[PDB]
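There are 2 protein chains.
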Amino acid sequence: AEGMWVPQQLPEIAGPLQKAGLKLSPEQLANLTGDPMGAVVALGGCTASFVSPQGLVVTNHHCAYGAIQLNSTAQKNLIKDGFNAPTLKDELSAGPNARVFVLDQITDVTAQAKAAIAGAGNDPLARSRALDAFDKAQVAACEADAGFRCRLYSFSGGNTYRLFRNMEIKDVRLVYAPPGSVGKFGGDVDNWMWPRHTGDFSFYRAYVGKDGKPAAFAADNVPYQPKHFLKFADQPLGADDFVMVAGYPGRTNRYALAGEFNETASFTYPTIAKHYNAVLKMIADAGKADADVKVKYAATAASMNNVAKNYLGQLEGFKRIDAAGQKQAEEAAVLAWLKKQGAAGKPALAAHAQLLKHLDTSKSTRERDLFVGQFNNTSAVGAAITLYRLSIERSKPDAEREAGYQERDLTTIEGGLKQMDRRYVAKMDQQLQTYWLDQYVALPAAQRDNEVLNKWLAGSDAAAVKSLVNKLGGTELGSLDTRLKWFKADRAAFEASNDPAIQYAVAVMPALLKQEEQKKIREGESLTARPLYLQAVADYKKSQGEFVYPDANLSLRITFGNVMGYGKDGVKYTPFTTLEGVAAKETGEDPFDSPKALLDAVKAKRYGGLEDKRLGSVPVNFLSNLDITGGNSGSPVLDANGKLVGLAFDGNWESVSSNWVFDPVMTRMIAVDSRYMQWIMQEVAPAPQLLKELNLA
Amino acid sequence: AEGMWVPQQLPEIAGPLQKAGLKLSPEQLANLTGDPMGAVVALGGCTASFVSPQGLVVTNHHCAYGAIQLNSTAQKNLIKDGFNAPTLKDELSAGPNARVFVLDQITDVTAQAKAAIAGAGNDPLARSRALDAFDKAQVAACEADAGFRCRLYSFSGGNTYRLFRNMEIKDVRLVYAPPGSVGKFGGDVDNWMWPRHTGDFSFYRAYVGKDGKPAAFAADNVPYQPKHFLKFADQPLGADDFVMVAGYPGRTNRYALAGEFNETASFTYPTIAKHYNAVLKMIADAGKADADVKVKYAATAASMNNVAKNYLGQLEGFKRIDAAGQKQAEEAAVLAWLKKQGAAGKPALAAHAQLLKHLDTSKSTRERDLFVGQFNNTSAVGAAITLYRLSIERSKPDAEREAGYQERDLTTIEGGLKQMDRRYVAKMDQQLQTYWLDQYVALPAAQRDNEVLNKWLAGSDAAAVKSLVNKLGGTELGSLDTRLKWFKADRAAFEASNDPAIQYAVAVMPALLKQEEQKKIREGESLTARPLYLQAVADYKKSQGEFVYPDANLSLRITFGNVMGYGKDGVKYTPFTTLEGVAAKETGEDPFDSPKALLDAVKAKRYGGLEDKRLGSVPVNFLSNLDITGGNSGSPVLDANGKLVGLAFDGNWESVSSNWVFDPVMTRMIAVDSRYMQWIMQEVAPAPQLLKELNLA
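Sequence lines, in order, name chains V and P.
So the mapping is simple: full-length UniProt numbering equals the position in the first sequence, first residue as 1, plus 22.
So the mapping is simple: full-length UniProt numbering equals the position in the second sequence, first residue as 1, plus 22.
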């Protein structure tokens, strides 16, 4: 079914759920800290779920990819090889910034949020400050009790504010990853594609201090004991069977202005695609010259490949459903329907007009802003800017610090400086710097107007780029100890420093702060406009009987539907792949190089008792008409009885454009079958201690 | 069903043909000059069929592509535009070498052939000359009557020899080609792929002189009146319907030695695919610069793309079916089964070991032979070598002239020199010379033992190639009138020329002749070994009750089966594509850029009464489990009653490996539906004169 339904919409999807075949009572889903919703956790950008009362967490391989990469070396490459922790003490730290967020409480704070915003009257910066101070105040009151992290979510353009309270587990350990030839089978060739044969799963364990409270990594820490964990299905999942997903989709743009869509399709997607593929060929070449570069940049490369392929996908998607025309059509249809509605229709019209003029800005500057933004986000320079920015914010009292730089954020910044150790190589960073500066100096002179960068370049050719990279090569910020010194340092040490990256951070910061204030003014302007227009778009969608659910905003959503394939002319995609499809794609070479143990078990039909008679084999991946996006990776797929039948990990090629214009005919979630997960762990990359802890052994 | 059955195997397939659903009696098919089989013609490299009593002939677009290309200029591009001849006098000559072969007679000359071979005794070269002298005698005699052309066929490694007598139409004219965006919809992207949306058809007309006798192009010639022509099907083709193809498949390699297959998989296919893809990029680049090079090289580009992609598809198929494992098992099993026979087995085991010797010879110089072979077949150099060779053969009496340089061949040679006029651009030829010369000079010193070429290169780098290409640039063989002059010139005239291409031909010719004699010695050695071994393989294969049929060898074959899709893990390919499928792939960019008329017709559902209610639309292409290969292009697909339901044009991706190891599960023919052809001639690129002549108006 279409829709990323908030839990508070469970009453309107209660009937649809039962009709699709949910056998649980809908009000069992209503208890978000109950069985099974209470087992569903957020990782920040991925979903996971508890699957044992000893804090065992299951997610996708590509979600654990970060943590596996942090633990990998050129010699001991866990991304390539499995990882298995036979005992608690073998489990590896997923790194200082790894999180499990266990939902505690959702509180609607709409009335108070709207009063805070209104209390600022017509001043747009005042409105943004007012909402930010409201956010900070709600978060501070909510985080008063140790171990909780809270977050204010804005729904439906600001028509709804809800304050989420999570227990934040800060000690997450890697328990099991299949080899990358299973976790990532078919690599970037099969990414965003069906048929799919990817065992995209991994396991973490959540830990807490001896005292029960969240704690950073310590040998003393004990497994978290979740109230609720999912059970693997004992009922074989089959074609047409009900499935549902709970998870944390990050962002959809289905309510975007036709103008926002058009910018994205004509500029952002093609430009990012193009530059990412160029950077990717650079990182791949660097990785061939030094395995340590390949490992240290493997998370970036995976992530940029994903985006670049997705962006291409979305572009083909938009051509396939004429998204430009549908956006146009629906926008005009809302504006007309608003006209007929006499009195009450005028404010929404006005709101539209406001939101329109907002597209006008970035026309000549958008390449420049990408190239400078990308240069400023290379490792050494990014760390300099982050560290300098914190030193500035430290001056201010905590409640006036920029979000991301308050006391409650310090541990995350410090953990970022630490993780960079496993993700930084001077020679690779210098090539990224060179690449983005090369794009800047290739701009027309009129667009090459960044005063600071022009000063530091002292020219507009290759030699000028080389000499500035040469100069930035003198930074000491490649040293962890250096970064951790600067982490603590007064803004005056920064403004005095002769470190070329710090000097650059110091020179660019006035511009960055001005750019950020302009961003906040734009957010202020839209804080009454966006909500009134989207309320009208919604009220118009409702009038035509369409589905009304908010755009994804990284909060908890339910989607549901059934296991089913999709069709194109001449092709019917069947809802399941099987072991034989994996073996059939074997080329002996990346990314189609399964472990010999897999090729031998499939040749021997060693199904391990996991074959589905309807398929005549063990299912690997399955399709369903669920509505998931970025953030839903690792989401548990529950059958009619709330049992784990799989993990969400991907969409088919036609689904990627549903981020903008949803297509019920061809949008499918790809999931990894819980049977393939068990099969891998029995027959291929064994995890006997895990099968026992899951009560499958 | 599996097999490319010779007509003489109709007894064995009568039951199967009836089981599959043939309504025609099998003895109807045994009549090769009767109805429908007498409608089916050879084009030489393609199949076609008469579809009117006025000599109208239907074949693929890609078969007519050569003729369309010869009639095309940058200014008036019939490849891109289509072509329609609304009357006889508008029909364009398909060019001097276009032929239609109407089968007259097959006679089995097995015993005479073997006697002529046995009669030569023990010298391999003697046995080569003896079959060649025999071939020529059976041909020169069979070619006695004016209009006729005969060919000696070797079946099953020389276990059978059959003489084909054909009436040779020498005046072929383009009647109709749809636009390239229909004829080659999806271009190299959809080539060898299902689903497929390609209108792959064009119409020729066979002309003879007023006497009724075959003649070259003359304005005075009249349409040939065929004894037999296919009617378009009135019964709509559906899934599971019986279909059969009669056509001229070129070569299959199912009886190849395991070693021959291993050499093809490991060297020939990957190497040709690599160099062909580099040469295609060069041709695309020159074509983009110069519309004149684009049109002149479009036939070459189409062909090389087709082979390059085919070879990659075969390499992928070999791994999917483990072709190497199957060839090694079958060979090992035949060798063992031959030890189980006593005396009965000892000759075949003798023959095997002699065939292995041939493979080691070709190994040593395989790279040199490809690069020098390709260089010697560039346009000016190939013309020089062919022209000088013929002056040499002229010196000799005709009976003693090499196959292809006899009196009966002069017309084709002269044809080739004319057609090159529409297929040559000196600056493209120079890039081809450069490319293949660059591969030669890159070889290790030890492989660079072409004496003449090293003398002519005077170096082994880019600059030495640059200077050989500058020197060969002074040739005049770019002029048609120079070529036709050399076509008539004595051996001495050649030896006198200061034309550098001719001097090269003169210089290299002695080595080409030794290499050709050495090749005739191997062919002589092969003339008794090959039949003995292949008879053993056939014997072993019948013992297992496996289907036994000769490898394709450019002779007439029947294949049959049913309209059906195929499956892959996660995918069920449906047997038809439809109009909406063509519209859904539209991008407004080559190769997915349908005529505006097609999109308009599809968006309006103008099905011009051709809709199949079982599809909800007009069918475009369809799948069937027939056994076709290169040569079968333009083969009529006949329903149960022998009426035309479409034309064979391609195979699915997984089929192409069936050239070496037949895979019944995933081998399908892709045919264009006769309703799509009619639909295109009604609604898109009208041919109302052909709709009338075909009895569809």
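Ideal Cβ positions, reconstructed from N, Cα and C, are used throughout, including at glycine.
In terms of Cβ geometry, P/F569 and P/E113 do not form a close pair [threshold 9 angstroms].
Assigned with DSSP and collapsed to three states, P/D130 falls in strand. For P/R342, the closest Cβ of chain V is nearer than 9 angstroms. With a beta-carbon spacing of about 5 angstroms, V/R184 and V/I128 fall inside the 8 angstroms limit used to define contacts.
Rounded to whole angstroms, the separation of the alpha carbons of P/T274 and P/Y333 is 14 angstroms. The beta strand (DSSP E) runs of length 3 or more contained entirely in the segment 547-603 of chain V are, from start to end of the chain, 579-584, 588-590, 593-595 and 598-600. According to the DSSP assignment, V/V62 belongs to the beta strand (DSSP E) that extends over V62 to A64. P/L337: member of the alpha helix (DSSP H) spanning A320 to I343, first to last residue.
In this structure, DSSP gives P/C68 a state outside helix and strand, which the three-state scheme calls coil. Assignment of P/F177 by DSSP, reduced to helix, strand and coil, places it in the strand class. Boundaries of the beta strand (DSSP E) harbouring P/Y226: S224 to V230, taken from the DSSP string. For the pair V/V197 and V/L100, the CB atoms are not nearer than the 9 angstroms cut-off.
Per DSSP, V/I191 lies in no alpha helix (DSSP H); the unbroken beta strand (DSSP E) holding it starts and ends at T182 to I191.
With respect to the C-alpha of P/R416, the residue from P/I407, P/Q428, P/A709 and P/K625 having the closest C-alpha is P/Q428. Within the same chain, Cβ atoms closer than 6 angstroms to the Cβ of P/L46 are found at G664, the five residues on either side in sequence being excluded. P/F671 places its beta carbon less than 9 angstroms from that of P/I692.
Distance from the CA atom of V/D314 to the CA atom of V/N299, rounded to whole angstroms, is 21 angstroms.
Per the coordinates, the alpha-carbon of V/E285 lies some 26 angstroms from the alpha-carbon of V/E473. Taking C-beta atoms as the reference points, V/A142 and V/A135 fail to come closer than 9 angstroms. Taking C-beta atoms as the reference points, P/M26 and P/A574 count as a pair closer than 9 angstroms. Against chain V, the CB of P/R218 has a partner CB under 9 angstroms away; the residue lies at that interface.
Excluding sequence positions up to five before and after P/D451, its CB lies within less than 7 angstroms of the CB of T400, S401 and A402, all in the same chain and listed in chain order.
Excluding five sequence positions before and after V/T182, the CB atoms of its chain that fall closer than 6 angstroms to its own CB belong to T132, given in chain order. Boundaries of the alpha helix (DSSP H) around P/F283: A280 to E285. Put simply, of P/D222, P/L535, P/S646 and P/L506 the residue whose alpha carbon is nearest the alpha carbon of P/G438 is P/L506.
Per DSSP, P/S646 is one residue of the beta strand (DSSP E) stretching across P641 to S646.
With respect to the 9 angstroms criterion, P/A484 and P/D460 are classified as neighbours on the basis of their beta carbons. Sequence-ordered contacts of the segment 547-577 of chain P with chain V are nonexistent [C-beta pairs closer than 9 angstroms]. Looking from the CA of V/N93, the closest CA among V/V301, V/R195, V/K477 and V/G221 belongs to V/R195. At a C-beta separation below 8 angstroms, V/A606 has these neighbours in chain P: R342, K590 and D591. Residue pairing by DSSP leaves P/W508 without any beta bridge partner.
Residue range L666 to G673 is occupied by the beta strand (DSSP E) that includes P/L669, with no alpha helix (DSSP H) assigned at that position. P/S548 and P/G395 have their alpha carbons spaced roughly 22 angstroms apart. Each residue's CA atom was taken as its position, placing V/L357 and V/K349 some 12 angstroms apart. In the structure shown, V/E611 adopts extended strand secondary structure according to DSSP, grouped into three states. Between P/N53 and P/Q30, the alpha-carbon positions lie close to 10 angstroms from each other.
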